[PDB]
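Asker: Before I ask anything, let me first share the structure, which is written out below as C-alpha cells.
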Amino acid sequence: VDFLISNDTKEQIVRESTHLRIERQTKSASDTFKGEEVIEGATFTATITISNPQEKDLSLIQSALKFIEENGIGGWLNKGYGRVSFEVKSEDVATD
RNA sequence: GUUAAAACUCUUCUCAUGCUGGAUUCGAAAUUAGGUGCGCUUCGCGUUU
C-alpha cells in the first residue's frame, strides 16, 4: 500500500490555521495553536499492489475505502478533519 | 530473491472575544366646490256704531 502522495505542492494545498480552546464560562479563547491542514478538493494518488490475487480482494479494498470515506484518513478525525472521497480504478498486468 | 516481515505521529482542544449602517436632507411645488335655478303661489283692514 503506497503512501497517498499528492498531485499538487505545498504552496497550493497546505495552509496554516488557528485552532482554538475556549473556556465554557468566559466563552473566550483559553489556548490557541497553529496547525497545518490540506485544503478540500486536493487530489492525492496511491497505488495498491495485491500479489497472489484472491477473488475477495478488490471488493474488500473498496469496502475498506468506504469505511475510510465515512471515518476519515489521517488525524483529528473526530472533530471533522479527514472526510474524503475515493475514486478507484483496477488493472491486472500479465506480460511485459 | 532488500539485517527482511510486522506497527496509520495517534489521542485531547469550536478563530473566539471587543465594535448598533450611522450621520446630512420637510412629499411639496401648481389648481377659488365653482357653474345653473326670483320665497313664490292663494286670501280687498272686513264688520260694527
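Chains: A, B, ... in order of the C-alpha cells. Residues: from 1 per chain. Ligands: from 1, in order shown.
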Got a sec: who's within 8 Å of residue 13 in chain A, counting only C-alpha atoms (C1' of nucleotides), leaving out chain neighbours fewer than 2 positions off, as a list in words?
Answerer: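 After dropping sequence-adjacent residues, the list is residues 8, 9, 10, 11, 15, 38, 39 and 42 of chain A.
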Asker: Could you tell me which residues of chain B sit within 8 Å of chain A when counting only C-alpha atoms (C1' of nucleotides), and give me the result as a PDB file with N, CA and C atoms (P, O5', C5', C4', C3', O3' and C1' of nucleotides), in the first residue's frame?
Answerer:
ATOM      1  P     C B   8      -0.646   0.578  12.840  1.00  0.00           P
ATOM      2  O5'   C B   8      -0.268   2.008  12.240  1.00  0.00           O
ATOM      3  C5'   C B   8       0.327   2.133  10.950  1.00  0.00           C
ATOM      4  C4'   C B   8       0.050   3.467  10.291  1.00  0.00           C
ATOM      5  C3'   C B   8       0.378   4.715  11.106  1.00  0.00           C
ATOM      6  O3'   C B   8       0.878   5.712  10.222  1.00  0.00           O
ATOM      7  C1'   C B   8      -1.895   4.761  10.464  1.00  0.00           C
ATOM      8  P     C B  10      -1.308  10.992  12.627  1.00  0.00           P
ATOM      9  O5'   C B  10      -2.537  10.608  13.565  1.00  0.00           O
ATOM     10  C5'   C B  10      -3.070   9.293  13.554  1.00  0.00           C
ATOM     11  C4'   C B  10      -3.371   8.785  14.944  1.00  0.00           C
ATOM     12  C3'   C B  10      -4.157   9.711  15.855  1.00  0.00           C
ATOM     13  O3'   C B  10      -5.548   9.716  15.575  1.00  0.00           O
ATOM     14  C1'   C B  10      -2.376   8.708  17.068  1.00  0.00           C
ATOM     15  P     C B  13     -11.728  17.319  21.698  1.00  0.00           P
ATOM     16  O5'   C B  13     -11.795  18.856  22.145  1.00  0.00           O
ATOM     17  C5'   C B  13     -11.378  19.230  23.479  1.00  0.00           C
ATOM     18  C4'   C B  13     -10.631  20.539  23.412  1.00  0.00           C
ATOM     19  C3'   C B  13     -10.979  21.422  22.205  1.00  0.00           C
ATOM     20  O3'   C B  13     -11.282  22.736  22.641  1.00  0.00           O
ATOM     21  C1'   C B  13      -8.654  21.238  22.435  1.00  0.00           C
ATOM     22  P     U B  14     -12.777  23.325  22.566  1.00  0.00           P
ATOM     23  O5'   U B  14     -13.121  23.384  20.993  1.00  0.00           O
ATOM     24  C5'   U B  14     -12.550  24.447  20.191  1.00  0.00           C
ATOM     25  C4'   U B  14     -13.199  24.444  18.829  1.00  0.00           C
ATOM     26  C3'   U B  14     -12.950  25.687  17.963  1.00  0.00           C
ATOM     27  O3'   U B  14     -12.901  25.321  16.590  1.00  0.00           O
ATOM     28  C1'   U B  14     -15.254  25.500  18.414  1.00  0.00           C
ATOM     29  P     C B  15     -11.818  25.940  15.575  1.00  0.00           P
ATOM     30  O5'   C B  15     -12.377  27.382  15.169  1.00  0.00           O
ATOM     31  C5'   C B  15     -11.432  28.431  14.905  1.00  0.00           C
ATOM     32  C4'   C B  15     -11.799  29.673  15.672  1.00  0.00           C
ATOM     33  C3'   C B  15     -12.847  30.588  15.021  1.00  0.00           C
ATOM     34  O3'   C B  15     -13.648  31.247  15.998  1.00  0.00           O
ATOM     35  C1'   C B  15     -10.884  31.783  15.338  1.00  0.00           C
ATOM     36  P     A B  16     -15.169  31.696  15.721  1.00  0.00           P
ATOM     37  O5'   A B  16     -15.718  32.252  17.106  1.00  0.00           O
ATOM     38  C5'   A B  16     -15.751  31.428  18.258  1.00  0.00           C
ATOM     39  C4'   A B  16     -15.072  32.089  19.430  1.00  0.00           C
ATOM     40  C3'   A B  16     -15.395  33.554  19.657  1.00  0.00           C
ATOM     41  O3'   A B  16     -16.632  33.757  20.317  1.00  0.00           O
ATOM     42  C1'   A B  16     -13.066  33.219  19.851  1.00  0.00           C
ATOM     43  P     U B  17     -17.444  35.122  20.118  1.00  0.00           P
ATOM     44  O5'   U B  17     -16.677  36.169  21.054  1.00  0.00           O
ATOM     45  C5'   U B  17     -16.520  35.877  22.456  1.00  0.00           C
ATOM     46  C4'   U B  17     -15.530  36.855  23.026  1.00  0.00           C
ATOM     47  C3'   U B  17     -15.792  38.316  22.674  1.00  0.00           C
ATOM     48  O3'   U B  17     -16.805  38.821  23.530  1.00  0.00           O
ATOM     49  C1'   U B  17     -13.513  37.829  22.351  1.00  0.00           C
TER      50        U B  17
END
Asker: As an exercise, work out the distance from CA of residue 41 in chain A to CA of residue 80 in chain A in Å and give it to one decimal place.
Answerer: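 Going from CA of residue 41 in chain A over to CA of residue 80 in chain A, I get 15.4 Å.
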Asker: Just list as a list in words whatever in chain A DSSP marks as alpha helix (DSSP H).
Answerer: residues 10, 11, 12, 13, 58, 59, 60, 61, 62, 63, 64, 65, 66, 67, 68, 69, 70 and 71 of chain A
Asker: Would you mind reading off the distance between CA of residue 16 in chain A and CA of residue 87 in chain A, one decimal, in Å?
Answerer: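 It comes out at 27.3 Å.
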Asker: Of the candidates A:1, A:12, A:65, A:25, which one gets nearest to residue 37 in chain A if we count only C-alpha atoms?
Answerer: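 Ranking A:1, A:12, A:65, A:25 by distance to residue 37 in chain A, first place goes to A:12.
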Asker: Could you please write out, as a compact mmCIF listing (two decimals) with N, CA, C and O atoms, in the first residue's frame, every residue of chain A that DSSP assigns to strand (DSSP E or B)?
Answerer:
# COMPACT_ATOMS: atom_id res chain seq x y z
N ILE A 5 0.48 9.96 -2.01
CA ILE A 5 1.18 11.16 -2.42
C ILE A 5 0.18 12.11 -3.06
O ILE A 5 -0.86 11.69 -3.59
N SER A 6 0.43 13.40 -2.93
CA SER A 6 -0.43 14.40 -3.53
C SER A 6 -0.03 14.65 -4.97
O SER A 6 1.09 14.35 -5.38
N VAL A 14 -1.46 23.35 1.15
CA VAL A 14 -1.20 23.31 2.58
C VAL A 14 -1.32 24.72 3.14
O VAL A 14 -0.64 25.64 2.67
N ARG A 15 -2.20 24.89 4.12
CA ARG A 15 -2.39 26.18 4.77
C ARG A 15 -2.25 26.01 6.28
O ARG A 15 -2.63 24.99 6.84
N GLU A 16 -1.73 27.05 6.93
CA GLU A 16 -1.66 27.09 8.38
C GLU A 16 -2.94 27.69 8.93
O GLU A 16 -3.52 28.59 8.33
N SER A 17 -3.39 27.18 10.08
CA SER A 17 -4.68 27.57 10.62
C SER A 17 -4.65 27.74 12.13
O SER A 17 -3.92 27.04 12.84
N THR A 18 -5.49 28.65 12.60
CA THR A 18 -5.69 28.88 14.02
C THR A 18 -6.72 27.90 14.57
O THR A 18 -7.92 28.04 14.30
N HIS A 19 -6.27 26.92 15.34
CA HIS A 19 -7.17 26.11 16.14
C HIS A 19 -7.17 26.64 17.56
O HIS A 19 -6.23 27.32 18.00
N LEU A 20 -8.22 26.30 18.31
CA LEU A 20 -8.56 27.06 19.49
C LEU A 20 -9.04 26.14 20.61
O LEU A 20 -9.44 25.00 20.37
N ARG A 21 -8.95 26.64 21.84
CA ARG A 21 -9.59 26.04 23.00
C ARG A 21 -10.23 27.19 23.77
O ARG A 21 -9.53 28.10 24.23
N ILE A 22 -11.56 27.14 23.86
CA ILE A 22 -12.38 28.16 24.51
C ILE A 22 -12.91 27.65 25.85
O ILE A 22 -13.40 26.52 25.95
N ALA A 29 -11.23 32.47 24.18
CA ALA A 29 -10.14 31.55 23.85
C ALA A 29 -9.15 31.44 25.01
O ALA A 29 -8.49 32.42 25.37
N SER A 30 -8.98 30.21 25.48
CA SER A 30 -8.04 29.92 26.58
C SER A 30 -6.69 29.62 25.96
O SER A 30 -5.69 30.19 26.41
N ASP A 31 -6.68 28.73 24.99
CA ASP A 31 -5.41 28.32 24.37
C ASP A 31 -5.58 28.41 22.87
O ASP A 31 -6.66 28.09 22.38
N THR A 32 -4.55 28.88 22.18
CA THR A 32 -4.59 28.95 20.72
C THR A 32 -3.41 28.17 20.22
O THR A 32 -2.41 28.12 20.94
N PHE A 33 -3.54 27.49 19.10
CA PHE A 33 -2.41 26.83 18.48
C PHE A 33 -2.57 26.89 16.98
O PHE A 33 -3.64 27.22 16.46
N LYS A 34 -1.48 26.62 16.27
CA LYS A 34 -1.43 26.80 14.82
C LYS A 34 -1.12 25.45 14.19
O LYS A 34 -0.01 24.93 14.33
N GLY A 35 -2.10 24.88 13.51
CA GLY A 35 -1.96 23.58 12.89
C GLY A 35 -2.11 23.67 11.39
O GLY A 35 -2.87 24.49 10.87
N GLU A 36 -1.37 22.83 10.68
CA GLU A 36 -1.38 22.85 9.23
C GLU A 36 -2.39 21.85 8.70
O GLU A 36 -2.52 20.74 9.22
N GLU A 37 -3.10 22.24 7.64
CA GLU A 37 -4.03 21.32 7.00
C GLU A 37 -3.86 21.38 5.49
O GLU A 37 -3.13 22.23 4.95
N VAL A 38 -4.56 20.48 4.83
CA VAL A 38 -4.63 20.39 3.38
C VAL A 38 -6.04 20.81 2.96
O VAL A 38 -7.02 20.36 3.56
N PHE A 44 -5.10 13.53 -4.21
CA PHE A 44 -3.99 12.66 -3.87
C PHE A 44 -4.08 11.39 -4.70
O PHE A 44 -5.14 11.04 -5.22
N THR A 45 -2.96 10.68 -4.80
CA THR A 45 -2.92 9.43 -5.56
C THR A 45 -2.11 8.39 -4.79
O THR A 45 -1.14 8.71 -4.11
Asker: Would you mind telling me which residue in A:3, A:81, A:67, A:86 lies nearest to residue 48 in chain A when using only C-alpha atoms?
Answerer: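 The answer is A:3, which sits nearest to residue 48 in chain A.
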Asker: Report, in Å with one decimal, the straight-line distance from CA of residue 46 in chain A to CA of residue 4 in chain A.
Answerer: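 Separation of CA of residue 46 in chain A and CA of residue 4 in chain A: 4.6 Å.
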Asker: When you look at residue 85 in chain A with a cut-off of 9 Å (counting only C-alpha atoms (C1' of nucleotides)), what residues show up, excluding the ones that are within fewer than 2 positions of it in the same chain? I need them as a list in words.
Answerer: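 Here the qualifying residues turn out to be residues 65, 66, 68, 69, 70, 83 and 87 of chain A.
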